[PDB]
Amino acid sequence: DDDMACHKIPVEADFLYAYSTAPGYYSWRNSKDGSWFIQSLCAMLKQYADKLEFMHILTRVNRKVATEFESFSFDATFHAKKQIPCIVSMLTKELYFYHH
């Protein structure tokens, strides 16, 4: 036992990586509207940053990208494809962009 454990934190703690796509996968961009992920991230931040914790905002981004987007391509290899973003959290607390 070591009650002085709380005197250190891991050097990798308090990072959050919001990846546009799952490990191993391509990430989709639209030449006119921008990338699927960044489009969706900005929309959800504008709508919910005064209302929801950040992980719940990013979960809404996951749902938006997963449900509303599908690729269109003349190349069968790249046509009708889907994307899911990937939230990687080493955070130790809830993150709200607003304060009291």
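So that there is no doubt, residue numbering starts at 1 and follows the sequence shown.
*Asks:* Taking the recorded C-alpha temperature factors, which stretch has the higher mean, 7 to 15 or 84 to 92?
*Replies:* If you average the C-alpha B-factors of 7 to 15 and of 84 to 92, the larger mean comes out for 7 to 15.
*Asks:* Split the chain's modelled residues into thirds by Cα B-factor; is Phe74 in the lowest, middle or highest one?
*Replies:* It falls in the middle third of the chain.
*Asks:* Taking the entry's C-alpha B-factors for this chain, is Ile38 in the lowest, middle or highest third?
*Replies:* Its C-alpha B-factor, which the entry lists for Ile38, ranks in the lowest third among residues of this chain.
*Asks:* Is the Cα B-factor recorded for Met55 in the lowest, middle or highest third of its chain?
*Replies:* Middle third, going by the recorded CA B-factors of the chain.
*Asks:* Where does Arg29 sit by CA temperature factor within its chain: lowest, middle or highest third?
*Replies:* It falls in the top third of the chain.
*Asks:* Grab the CA temperature factor for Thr67 from the record and place it in the lowest, middle or highest third of its chain.
*Replies:* As the PDB entry reports it, the C-alpha B-factor of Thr67 lands in the middle third of its chain.
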